[PDB]
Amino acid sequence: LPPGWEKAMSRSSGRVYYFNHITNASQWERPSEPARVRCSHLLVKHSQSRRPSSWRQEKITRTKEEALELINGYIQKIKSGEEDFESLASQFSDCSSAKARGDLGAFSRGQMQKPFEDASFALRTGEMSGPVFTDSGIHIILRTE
């Protein structure tokens, strides 16, 4: 029961799963702080983002709900192995880090928006977040170191 994990019950099936309210990750297995972490991410922006513009699109007009649908489809494809994270980040992330497969490099606490930072620090090395909302949009975060 590491930082932020609770036990839940599948609504489809009734099987126990685990949910992390800091990262928004969910998994079937029962789960499991450093000075610095390294993360990649895939950002989907929406009309209410801080800067509603990206290399992909001059004026981003999608709604926040549509952005979450896009995020959820990418998470499904990445969990299935149908696509890998780096490939979706390169194609579809509304962040300039798309050119680097979503990689942001290493950072310590005190640098990123707080929901992004908290989720980064609560992920285990190799672990991926669920949807993480910041003023910039919705993020899928992969902790790489």
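Residue indices: 1-based, along the sequence shown.
Between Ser32 and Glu33 - deposited residues without coordinates, as a size class: Unresolved stretch here: 10 or more residues.
57-65 set against 98-106, stretch whose average Cα temperature factor tops the other in the entry: Averaged over C-alpha atoms, the B-factors run higher in 57-65.
107-115 or 77-85, whichever carries the higher mean Cα B-factor: Per the deposited B-factors, the answer is 107-115.
Largest Cα B-factor, entry values, listed residues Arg50, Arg38, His46, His41: In the PDB entry, the greatest C-alpha B-factor among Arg50, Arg38, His46, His41 is found at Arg50.
Assigned third (lowest, middle, highest) for the C-alpha B factor of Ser12: According to the entry, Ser12 has a C-alpha B-factor in the chain's highest third.
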